[PDB]
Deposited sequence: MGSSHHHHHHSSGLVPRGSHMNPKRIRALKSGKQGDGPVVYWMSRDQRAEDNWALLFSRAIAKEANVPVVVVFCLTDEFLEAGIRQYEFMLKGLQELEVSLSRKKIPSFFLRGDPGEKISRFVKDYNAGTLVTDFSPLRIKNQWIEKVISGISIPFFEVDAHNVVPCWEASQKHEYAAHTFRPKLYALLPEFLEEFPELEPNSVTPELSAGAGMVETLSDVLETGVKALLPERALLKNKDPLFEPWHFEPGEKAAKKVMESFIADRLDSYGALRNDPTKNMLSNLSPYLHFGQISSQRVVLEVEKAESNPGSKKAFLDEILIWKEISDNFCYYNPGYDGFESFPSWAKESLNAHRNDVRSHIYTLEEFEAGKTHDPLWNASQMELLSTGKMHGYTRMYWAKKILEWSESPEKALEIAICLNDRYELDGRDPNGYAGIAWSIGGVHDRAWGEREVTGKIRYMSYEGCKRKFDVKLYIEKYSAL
């Protein structure tokens, strides 16, 4: 609907109806940014055609109680900066608290909304909120994929078994969907405190804070400055200083050669399409560029495909049949070690390498990409059952990772424990044919002692 630089395949209608006379309402959930936001740009285009203002609404749910302070402050501080950024474009921002199914329905009626637009997320709870809103409103409802370069329903129509079958499909659609972002035109017609929401939330999460023996907090918040502006700086420094050596040193946890974009990419503080555009134009190592593009395009967006077409993405049923049969047969195998959630959480295992991986997660909130596999696969080896291992890994991932509660997390954990998007390997006790990682294998690929000594 209207616009020359807007691909209609990025927008899909969730509910048809007569368009109202009021402003266009953008229900911002996943892409918390002002620039490079297709959902915000599309909302502005519909508003321009209808000669109505565009507004953004945010619903603060009770889900932050399941998380900790580290995600709350990171997310809330970025929204404060986003509030100023949208204010400069004469776009008002309304921050609501409560159930989005009931709050969004009330906001549309009270504000006399004409059209409702929201971003795309394949998570279960997002689909539940959308259906609740659909039953309570009478205006057109649209959904825009502002997170993936190629829209999730357009890249593939089915669950993808592996990357090698999804890679040609994604790369074929890149020329159509990889394009520059038009600038966000400000509003022409003009028409809760975030500080109070922040101060209340930390008070409710203070008891659940991760502490040391001397009651000192474990989380170090100076490693990643949140916000749209800081996310851009991280991207620029990656291309200039780190992209060249990414291809060779991405699997070395002792070297800070990763992009460190996942906390911003999870909260939508930066667009992966913007990152792809800058990386494509960069003159760097061709092997490094191909390796990084495979990470942010194929593996990031296949995680959306996994969650979109598998409602049980965080369960044992989502595993492939070969993986399920292999794990089932080894249920009665005697485990070399039985560890509980608390012992995993405190880093109280016999493995100093695994403990150091947990400490990096506890202290920085972002464990290195390579050690994340060894972290999750040892949980399977040292748990009562595959279901318990899946529960433990998801719990610690979602509680302590800044990029937690993300499709990349569920696909990554399902890859590690259930062989999702993987293949079978040598038969072993307990883990069966799931891919095996050993402490000695990590020794021959990076300096394990340096990584251990860094995080005690």
Which deposited-sequence positions, grouped into ranges, are missing C-alpha coordinates?
-> 1 to 15, 207 to 215, 481 to 482
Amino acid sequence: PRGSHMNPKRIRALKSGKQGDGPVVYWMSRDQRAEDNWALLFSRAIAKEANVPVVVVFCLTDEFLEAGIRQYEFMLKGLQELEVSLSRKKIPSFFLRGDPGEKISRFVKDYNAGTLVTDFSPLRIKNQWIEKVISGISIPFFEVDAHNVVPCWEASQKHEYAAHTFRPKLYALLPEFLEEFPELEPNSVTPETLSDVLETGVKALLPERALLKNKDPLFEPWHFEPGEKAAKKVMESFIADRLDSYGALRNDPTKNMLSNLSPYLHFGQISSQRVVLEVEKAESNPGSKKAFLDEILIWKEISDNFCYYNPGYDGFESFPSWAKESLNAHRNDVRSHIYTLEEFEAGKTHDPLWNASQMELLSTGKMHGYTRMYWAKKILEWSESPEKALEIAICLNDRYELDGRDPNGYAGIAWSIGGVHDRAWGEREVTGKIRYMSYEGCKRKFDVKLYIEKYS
From here on, numbers count along this sequence of modelled residues.
Averaging C-alpha B-factors over each stretch, which comes out higher, 81 to 89 or 254 to 262?
-> 81 to 89
Taking the mean of the C-alpha B-factors per stretch from the entry, tell me the winner out of 15 to 23 and 432 to 440.
-> 15 to 23
Note to self: of 118, 115, 328, 269, the C-alpha temperature factor tops out at 115
Candidate set 223, 215, 242, 368 [ranked by C-alpha B-factor, highest] = 215
Among the chain's modelled residues, which third holds the C-alpha B-factor of residue 196?
-> highest
Which third of the chain holds residue 51 when residues are ordered by C-alpha B factor: lowest, middle or highest?
-> highest
Third of chain Cα B-factors occupied by residue 30 = middle
In terms of its chain's C-alpha B-factors, the third that includes residue 319 is the middle
Is the Cα B-factor recorded for residue 57 in the lowest, middle or highest third of its chain?
-> highest
